[PDB]
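In the structure tokens that follow, a single protein chain appears in two forms: structure 1, then structure 2.
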Structure 1
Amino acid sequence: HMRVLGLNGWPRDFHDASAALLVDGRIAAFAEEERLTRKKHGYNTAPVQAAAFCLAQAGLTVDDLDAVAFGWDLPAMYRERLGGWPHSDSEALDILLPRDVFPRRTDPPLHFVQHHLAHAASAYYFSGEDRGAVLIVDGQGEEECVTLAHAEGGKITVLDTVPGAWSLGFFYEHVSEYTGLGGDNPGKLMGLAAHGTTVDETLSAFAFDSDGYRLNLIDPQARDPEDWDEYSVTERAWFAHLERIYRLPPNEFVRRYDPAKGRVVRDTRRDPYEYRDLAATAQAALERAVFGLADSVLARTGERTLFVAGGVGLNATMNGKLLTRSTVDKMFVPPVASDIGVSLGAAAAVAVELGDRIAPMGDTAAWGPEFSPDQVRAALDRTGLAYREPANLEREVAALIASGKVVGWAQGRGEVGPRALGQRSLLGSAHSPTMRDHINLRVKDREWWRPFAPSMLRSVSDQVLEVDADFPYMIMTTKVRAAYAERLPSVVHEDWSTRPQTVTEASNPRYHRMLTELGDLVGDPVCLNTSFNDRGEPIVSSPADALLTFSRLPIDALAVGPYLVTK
């Protein structure tokens, strides 16, 4: 067996720590550090817990690993930006896999994989497609913010890159920060976009062309000599430019004691909704930039299949429009397009180099921890809450959803990536015209303007959506067909876009059975599926996590394993 543990996350100036374990090209385990630590974004840490989970899941120790793979070229970033790489491989392993958690007789070979190659690998090798164009659109790797590559015969060959200061990723985050939504919540900005109107998608900054874009505002070779990414350099240029061309100045953060909460809370001086027009304009600019990049790499490669990874690959709206583009026939974007995925991608690149063949992900992201009925019962018994073990959990849950109740659903292996896909989900009626406001304002405490997304059977997705394809990851938006746009109001956005999950019997029989039961009740086997967590909070992972969230929120029921808890 070829066993490769892929890692991301490092104690110095890092985010999105994660670990993935490949055994013979298959994902044996994969987790995000934040889910286990409950510390959002997995900042400034080696993926200690995620890696410990991965080994436990597969029943391995480090001595059973053929290789450890890291999803950045770290030595190169230390040599370039920090005056030298001071670690032997052994010292580096001691940092990535601390010996108090990871005892080992000897050191496995350590591989550093160039960051965008790792991003690329996470898309290509898991797509189930033999070849295609590669588009990596990121905040920043070691130097570059964009990579165009050709995937074929199991090789990834880089065609061109874009330097970091021209980052579309940073641009989008800077706008997000500017609006008061936050640089770490660009998904919020994407949601805001449809509520606004675009006048000038250049933002007096971008020039667009057939192959991508230009940013003559920023010197493309600009480097921050005091950090190792160009975030703060781009932040300055973008903030100054935006305050000049846009009617509103930056939204400022307000920190004040709230006597109702007994804490200093952080808020914004203005409502971010006021910036909706800027959001719409930023979204249009990104889309236009990315359309050019994608057309360019597809034409240069002679391919009609497009792979996308990198943080910007989380832009589901953009992904949905790429899909409908005349230059695109098939498209694969992995659930872990962002940096959490470079652990998996580093592991794949190394596994391939070692002669392994990589299995396609196959319509599931479900690779984190799961818990046995006995483990769930211990967590239940700890809280002292009453509960049942229904003879037909799926039918009962469907009935709860049909009646307008909000049901926690914590089953099987935790999903990896930022979307809940029926392993750690909160379920609601897709047909309710009040469900959206209820979950936003009462349950999860989000902005009224945030949209929700549906899970549905692959079998009906042709009738519901304007595209007939698998949408396993909620990473692409698409238009709802006419009859359903008014039938499914809690899960349609301002522009009749939705961000669907299609469910097959194979990928998740339990969820599939549930939706089938739901379709018998409300006509359509579709439900609202938002992630199981308070807004802002990491998706719940453990049964204790699920119970804490269940009890802090006005959720009606929780189906956790085979058990049903009712408020």
Structure 2
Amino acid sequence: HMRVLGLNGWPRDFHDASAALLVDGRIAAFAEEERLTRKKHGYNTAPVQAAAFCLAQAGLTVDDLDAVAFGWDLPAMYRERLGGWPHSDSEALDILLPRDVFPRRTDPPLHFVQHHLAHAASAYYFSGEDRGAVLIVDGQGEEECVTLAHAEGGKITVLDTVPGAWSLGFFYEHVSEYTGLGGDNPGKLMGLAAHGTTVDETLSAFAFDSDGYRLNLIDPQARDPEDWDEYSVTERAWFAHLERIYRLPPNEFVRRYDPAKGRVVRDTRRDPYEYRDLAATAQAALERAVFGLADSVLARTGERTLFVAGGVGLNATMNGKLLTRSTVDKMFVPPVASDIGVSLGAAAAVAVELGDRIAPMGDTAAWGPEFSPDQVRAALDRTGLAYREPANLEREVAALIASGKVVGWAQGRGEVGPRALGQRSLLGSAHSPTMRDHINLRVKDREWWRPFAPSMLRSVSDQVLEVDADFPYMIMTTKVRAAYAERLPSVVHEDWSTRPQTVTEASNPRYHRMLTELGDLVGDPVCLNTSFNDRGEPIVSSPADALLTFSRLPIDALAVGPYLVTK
């Protein structure tokens, strides 16, 4: 047995802390810190709880680990940008795995893995494909924002990098901030781009070529020597530039006491919808730049399989278009493309270095905590709420869904990454023409223009989608076929695009069953599947989490374990 605990998250100036445990190349456990702490984005923290969970889940202690792997070259970053790496391996271990939570007889080997390598590792080793081109597109690793590499024979070899100042991630963030959606919500920007019109995709900043892009707005060698990313530098350049060329100035945040809620709430001066054309344009500029990069690495390696990771990898809209490109046959992007994924990537890199074979993820991301019926009961009995234990839960849930009701679904092991995949999901009819507005405005109280996405049986996805492939992670848009382009109004765009999760019975028997039962009711085993949370809070993880969010939202029912709660 080779056991490698991979980590991300650090007390100084970090985000998306997470922890993954590989055992014999298999994922034993994987969790994001935010899910357990309830603090969004897992900011400025070692993945303390996530690692504790991995170890408990696998019944291990630190002393049972062959290696601890960290998904950045921290010593390097501390050398170049802070004037020295002051930590012994043991001292660093004390910070990443505090002894009061993680008792240990001795230190495990500590490995720092280069940030993009980890990103790449988390794509390649888990793709189930044995070779391909690697495209890593990011905010910024230690010094680079893009990495093009060749993945073959269990090896990842770098061909080229792009300096952070030219970051597509930072660009897209900055635009996201400029619009008032916020730099921490780029996904929203993507959503918004769909409502805009693109005028000049260069933004008078980018110049696109056949190998990607160049950004004459900023000197590519511009370092913010103070910090250890070029975020501030790119932020000034982009904000001043956008204000010059775009009709709207930066949207501003407004903080006022709301007597209705009894607190200071943050709002935006302008409606971010006003910025839709700027979103469209940013989206298009990102796509264009990324199309170039993809073509370039594909051709430099002579592969037709593409691997994508780094946070830009979360842009399903851009991925869908990569997939349909003539330069692309197959595509894998892991559900943990962002930094949460570099704990797993670091682990994989190390495990591979230690002689392990890494198994494929295989159409599921359900690696987080799960809870026994007794545990769920404990959480239920805490609330003093009445609940049933349906003979056939999956059928009853299907019936509620078919009737246009919204059902919280908390089953098995939490999924990892930003997307609910039927372990912690809010479910609704994919068939209702009013469901989208209902969930947006009445249920989640979020923006009217936000889109929804479907889960469907893999077994019918060939009839529903123009591509007969696995889409396990909702990480890629594709188009529906004619016969379904109006059947599914809540989850299909006017242009027939959608962002689907395909569901194998192996991946999720319960979800699979529920969908099957739904098909027997409304013809298609397809439903609307949106993240289970009140907006701005992370996806629920524990039954107590589920009950809390259920109690605060006008959801109709909660299916948590084998129990069903109604309002």
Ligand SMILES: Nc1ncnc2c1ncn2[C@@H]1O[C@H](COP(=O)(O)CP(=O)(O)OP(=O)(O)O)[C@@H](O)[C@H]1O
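Each form is matched to the other, and the largest set of C-alpha atoms that superpose within 1.5 Å is called the rigid core. Structure 1's sequence is the ruler for residue numbers, which start at 1.
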Between structures 1 and 2, the form solved in complex with the named molecule corresponds to structure 1
With the core superposed between structures 1 and 2, a CA shift of at least 2 Å among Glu353, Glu201, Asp495, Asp329 belongs only to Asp495
The CA shift of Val264 between structures 1 and 2, rigid core aligned, in angstrom, is 0.4
Taking the rigid core as reference, the Cα of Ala483 travels between structures 1 and 2 a distance in Å of 2.1
For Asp462, the CA shift between structures 1 and 2 after fitting the core, in Å, is 1.2
